[PDB]
Amino acid sequence: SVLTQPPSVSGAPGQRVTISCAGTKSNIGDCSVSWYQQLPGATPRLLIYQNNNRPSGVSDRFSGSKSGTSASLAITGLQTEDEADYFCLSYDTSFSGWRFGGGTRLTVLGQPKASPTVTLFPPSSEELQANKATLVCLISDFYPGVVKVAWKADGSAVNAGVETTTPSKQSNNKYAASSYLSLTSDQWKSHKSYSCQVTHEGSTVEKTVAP
Amino acid sequence: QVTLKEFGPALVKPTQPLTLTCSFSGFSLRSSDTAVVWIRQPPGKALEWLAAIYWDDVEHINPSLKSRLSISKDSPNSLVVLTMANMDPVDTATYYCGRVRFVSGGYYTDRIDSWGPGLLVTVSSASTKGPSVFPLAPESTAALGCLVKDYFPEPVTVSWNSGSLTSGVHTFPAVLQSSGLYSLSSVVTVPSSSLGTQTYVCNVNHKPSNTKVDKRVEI
């Protein structure tokens with residue numbers, strides 16, 4: 001990955017951004033560069049090929065220049081739907097092979113704040129027959145994509161047996177996450193009530209279940 | 001209109017070889033301007049050019065992986081096969097199949113203008129395990145779900161009523177327990193009034209264990 005890209009580039013809605021790709025003469029200086037978009041958790045899509053050319057369908061808001069030992073992808077009229085990962089591509093003669101840039105994550109800022117809608121499920125009776133109990137706390141539709149999860153059992157806090165996923169961008173550019181409290185059936189039956197507490201942008205929000 | 005599809009194992013033991021097969025349609029590998037390429041992408045990292053074979057048997061293989069990689073084709077049957085010897089955990093990645101197009105001459109004008117959906121390969125000494133499927137149930141609307149607990153390796157797919165129900169389905173990314181096992185959950189937000197009449201069944205697929213379980217989710 002001799003091709004150097006900025007790890008992250010941010011932008012406000014409507015503005016223009018630039019994503020640079022730096023390399024040597026062996027690669028970018030002489031050979032053609034192609035640009036690839038990757039919407040979160042999706043398959044890459046050709047954006048630019050041969051330095052400055054657009055395939056059919058690709059928005060005219062996208063464009064690529066190449067000058068010297070460095071290439072760039074410019075995006076005008078930035079929209080939320082442009083939130084993706086962006087890779088450049090080029091052949092290298094000193095390397096004798098094709099190399100991608102490290103990639104660039106694009107974030108768009110103009111989105112409204114959205115509080116988490118928290119859903120908590122008790123263990124199923126089917127699982128309780130297996131002498132096991134899993135509490136499922138599902139968190140979705142929150143922006144910005146940062147939350148903290150804590151488990152309360154009655155009054156005291158819970159640490160052991162907690163597994164929480166990282167936040168992940170949904171299709172609507174909001175974020176989702178999930179937390180699991182894995183207990184034996186008798187752990188579950190022993191306490192009075194369990195609580196999942198999602199903290200997001202100052203305000204903590206709570207959901208609670210019981211046998 | 002052009003499509004590609006990757007075929008291969010979801011799970012491979014360390015040091016064992018990986019063999020990937022691309023099956024394409026809508027274009028011919030006999031065309032003087034096309035090639036087929038294999039790209040891989042580790043979880044949360046950059047795209048990586050593995051290998052590509054061209055219409056005239058020209059091979060562009062990643063020189064960092066030359067000793068491990070070999071490629072071969074079958075134009076009349078539209079098949080391209082990649083092998084990677086001696087797999088490591090570090091080689092755990094999604095592997096993509098793609099059509100490279102290019103201008104004859106031009107000097108490396110190649111570009112990947114078509115992509116397969118990618119296949120997730122996991123390199124682990126751990127053994128394949130299928131999940132246990134559990135229902136998730138409790139004023140305007142209501143949330144129903146399914147717990148897909150303890151499976152390995154990724155991936156898992158979930159539909160509802162054999163895919164007839166898509167609206168208001170949200171299937172969450174999987175969690176990785178300290179047990180080395182995956183788990184996820186799939187919810188669907190359905191009208192509260194429909195709980196009396198409508199019947200909801202989550203369809204859970206885990207091809208790595210050949211597991212497909214239907215589950216009724218009532219109260």
# chains A, B, ... in the order shown; residues from 1 in each chain; ligands from 1

$ closest_atom_pairs --of "chain A" --to "chain B" --cutoff "7 Å" --atoms "only C-alpha atoms" --output "Markdown table"
| residue | atom | partner | partner_atom | distance |
| --- | --- | --- | --- | --- |
| A:31 | CA | B:108 | CA | 6.1 |
| A:32 | CA | B:109 | CA | 5.4 |
| A:34 | CA | B:111 | CA | 6.3 |
| A:43 | CA | B:117 | CA | 6.2 |
| A:46 | CA | B:113 | CA | 5.5 |
| A:49 | CA | B:111 | CA | 6.2 |
| A:50 | CA | B:109 | CA | 5.9 |
| A:91 | CA | B:108 | CA | 6.6 |
| A:97 | CA | B:62 | CA | 5.8 |
| A:98 | CA | B:49 | CA | 6.3 |
| A:99 | CA | B:49 | CA | 6.6 |
| A:100 | CA | B:47 | CA | 6.4 |
| A:102 | CA | B:46 | CA | 5.1 |
| A:103 | CA | B:46 | CA | 5.7 |
| A:121 | CA | B:136 | CA | 6.2 |
| A:124 | CA | B:135 | CA | 6.2 |
| A:126 | CA | B:134 | CA | 6.9 |
| A:127 | CA | B:134 | CA | 6.9 |
| A:163 | CA | B:177 | CA | 6.4 |
| A:164 | CA | B:175 | CA | 6.9 |
| A:165 | CA | B:175 | CA | 5.5 |

$ atom_distance --atom1 "CA of residue 153 (chain A)" --atom2 "CA of residue 192 (chain A)"
7.6 Å

$ residues_around --residues "residue 122 (chain B)" --least-positions-apart "2" --cutoff "6 Å" --atoms "only C-alpha atoms" --output "MDAnalysis selection string"
chainID B and resid 10:11 92

$ residues_around --residues "region 68-76 of chain B" --least-positions-apart "6" --cutoff "12 Å" --atoms "only C-alpha atoms" --output "PyMOL selection string"
chain B and resi 15-25+27-31+34-38+49-62+82-88+91

$ write_last_selection --atoms "N, CA and C atoms" --output "compact mmCIF listing (two decimals), in the first residue's frame"
# COMPACT_ATOMS: atom_id res chain seq x y z
N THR B 15 -2.82 -23.48 7.45
CA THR B 15 -1.86 -24.20 6.59
C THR B 15 -2.51 -24.93 5.41
N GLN B 16 -3.80 -25.20 5.50
CA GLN B 16 -4.53 -25.80 4.39
C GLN B 16 -4.71 -24.80 3.25
N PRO B 17 -4.91 -25.30 2.02
CA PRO B 17 -5.13 -24.41 0.87
C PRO B 17 -6.55 -23.88 0.76
N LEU B 18 -6.68 -22.69 0.20
CA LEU B 18 -7.98 -22.14 -0.17
C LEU B 18 -8.15 -22.22 -1.67
N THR B 19 -9.30 -22.72 -2.11
CA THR B 19 -9.60 -22.75 -3.53
C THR B 19 -10.89 -22.01 -3.83
N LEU B 20 -10.79 -20.96 -4.65
CA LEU B 20 -11.93 -20.13 -4.98
C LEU B 20 -12.32 -20.26 -6.45
N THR B 21 -13.62 -20.34 -6.72
CA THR B 21 -14.12 -20.48 -8.08
C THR B 21 -15.09 -19.35 -8.45
N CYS B 22 -14.79 -18.65 -9.54
CA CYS B 22 -15.68 -17.60 -10.03
C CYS B 22 -16.53 -18.09 -11.21
N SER B 23 -17.84 -17.85 -11.14
CA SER B 23 -18.74 -18.25 -12.21
C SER B 23 -19.52 -17.05 -12.74
N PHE B 24 -19.16 -16.59 -13.93
CA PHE B 24 -19.71 -15.34 -14.45
C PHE B 24 -20.67 -15.55 -15.62
N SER B 25 -21.39 -14.48 -15.95
CA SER B 25 -22.40 -14.51 -16.99
C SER B 25 -22.61 -13.10 -17.53
N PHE B 27 -20.88 -11.85 -20.15
CA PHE B 27 -19.70 -11.49 -20.93
C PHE B 27 -18.81 -12.71 -21.14
N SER B 28 -17.90 -12.63 -22.10
CA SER B 28 -17.05 -13.76 -22.43
C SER B 28 -15.59 -13.46 -22.12
N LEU B 29 -14.90 -14.43 -21.54
CA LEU B 29 -13.49 -14.28 -21.22
C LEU B 29 -12.63 -14.45 -22.48
N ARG B 30 -13.29 -14.72 -23.61
CA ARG B 30 -12.61 -14.78 -24.90
C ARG B 30 -12.51 -13.39 -25.53
N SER B 31 -13.23 -12.43 -24.96
CA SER B 31 -13.22 -11.05 -25.45
C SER B 31 -11.85 -10.41 -25.26
N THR B 34 -11.23 -8.05 -21.97
CA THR B 34 -11.68 -8.39 -20.62
C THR B 34 -10.74 -9.33 -19.89
N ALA B 35 -10.83 -9.31 -18.56
CA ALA B 35 -10.13 -10.26 -17.71
C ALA B 35 -11.01 -10.56 -16.50
N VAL B 36 -10.59 -11.53 -15.69
CA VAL B 36 -11.28 -11.78 -14.42
C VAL B 36 -10.28 -11.65 -13.27
N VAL B 37 -10.68 -10.91 -12.23
CA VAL B 37 -9.79 -10.59 -11.12
C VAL B 37 -10.33 -11.11 -9.79
N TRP B 38 -9.43 -11.44 -8.88
CA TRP B 38 -9.80 -11.77 -7.50
C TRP B 38 -9.30 -10.70 -6.52
N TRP B 49 -5.51 -6.49 -4.30
CA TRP B 49 -5.45 -7.22 -5.56
C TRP B 49 -4.69 -8.53 -5.37
N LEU B 50 -5.38 -9.65 -5.57
CA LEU B 50 -4.74 -10.96 -5.46
C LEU B 50 -4.19 -11.38 -6.80
N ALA B 51 -5.09 -11.74 -7.71
CA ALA B 51 -4.70 -12.25 -9.02
C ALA B 51 -5.76 -11.97 -10.08
N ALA B 52 -5.31 -11.87 -11.33
CA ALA B 52 -6.21 -11.73 -12.47
C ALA B 52 -5.66 -12.50 -13.66
N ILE B 53 -6.55 -13.16 -14.40
CA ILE B 53 -6.15 -13.84 -15.62
C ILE B 53 -6.91 -13.25 -16.81
N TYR B 54 -6.20 -13.04 -17.91
CA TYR B 54 -6.75 -12.31 -19.05
C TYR B 54 -7.18 -13.23 -20.18
N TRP B 55 -7.77 -12.64 -21.22
CA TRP B 55 -8.31 -13.40 -22.33
C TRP B 55 -7.24 -14.22 -23.04
N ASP B 56 -6.01 -13.71 -23.05
CA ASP B 56 -4.91 -14.36 -23.74
C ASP B 56 -3.94 -15.03 -22.76
N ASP B 57 -4.49 -15.51 -21.65
CA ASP B 57 -3.73 -16.23 -20.63
C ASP B 57 -2.65 -15.40 -19.94
N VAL B 58 -2.70 -14.08 -20.09
CA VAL B 58 -1.79 -13.22 -19.35
C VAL B 58 -2.22 -13.21 -17.88
N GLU B 59 -1.26 -13.34 -16.97
CA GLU B 59 -1.55 -13.36 -15.55
C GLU B 59 -0.92 -12.18 -14.82
N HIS B 60 -1.74 -11.42 -14.10
CA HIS B 60 -1.24 -10.44 -13.15
C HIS B 60 -1.51 -10.93 -11.73
N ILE B 61 -0.48 -11.52 -11.13
CA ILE B 61 -0.57 -12.05 -9.77
C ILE B 61 0.22 -11.16 -8.82
N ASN B 62 -0.33 -10.93 -7.63
CA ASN B 62 0.35 -10.13 -6.61
C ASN B 62 1.69 -10.75 -6.24
N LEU B 82 -9.04 -19.73 -8.37
CA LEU B 82 -7.89 -19.24 -7.63
C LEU B 82 -7.55 -20.19 -6.49
N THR B 83 -6.27 -20.46 -6.30
CA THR B 83 -5.84 -21.26 -5.16
C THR B 83 -4.83 -20.49 -4.33
N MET B 84 -5.02 -20.48 -3.02
CA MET B 84 -4.04 -19.88 -2.12
C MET B 84 -3.54 -20.92 -1.14
N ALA B 85 -2.26 -21.22 -1.22
CA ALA B 85 -1.66 -22.27 -0.40
C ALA B 85 -1.38 -21.76 1.00
N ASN B 86 -1.32 -22.68 1.96
CA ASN B 86 -0.86 -22.37 3.31
C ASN B 86 -1.57 -21.19 3.96
N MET B 87 -2.87 -21.35 4.22
CA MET B 87 -3.69 -20.26 4.78
C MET B 87 -3.39 -19.96 6.24
N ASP B 88 -3.35 -18.68 6.57
CA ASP B 88 -3.18 -18.23 7.94
C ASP B 88 -4.46 -17.51 8.36
N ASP B 91 -5.24 -14.31 6.75
CA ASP B 91 -5.86 -14.35 5.43
C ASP B 91 -7.39 -14.43 5.49

$ residues_around --residues "region 61-66 of chain A" --least-positions-apart "4" --cutoff "8 Å" --atoms "only C-alpha atoms" --output "list in words"
residues 47, 48, 51, 52, 53, 54, 70, 71, 72, 73, 74, 75, 76 and 77 of chain A

$ residues_around --residues "residue 101 (chain A)" --least-positions-apart "6" --cutoff "7 Å" --atoms "only C-alpha atoms" --output "list in words"
residues 1, 3, 4, 5, 21, 87, 88 and 89 of chain A

$ residues_around --residues "residue 147 (chain A)" --least-positions-apart "5" --cutoff "10 Å" --atoms "only C-alpha atoms" --output "PyMOL selection string"
chain A and resi 115-116+139+142+166-167+175-177+197-202+204

$ select_by_dssp --residues "region 90-134 of chain A" --states "helix (DSSP H, G or I)" --output "PyMOL selection string"
chain A and resi 125-128

$ atom_distance --atom1 "CA of residue 160 (chain B)" --atom2 "CA of residue 207 (chain B)"
17.2 Å

$ atom_distance --atom1 "CA of residue 17 (chain A)" --atom2 "CA of residue 79 (chain A)"
10.9 Å

$ select_by_dssp --residues "region 101-180 of chain A" --states "strand (DSSP E)" --output "ChimeraX atom specification"
/A:104-108,117-121,132-142,148-153,156-158,162-164,168-169,175-180

$ closest_residue --among "A:178, A:184, A:104, A:169" --to "residue 138 (chain A)" --atoms "only C-alpha atoms"
A:178
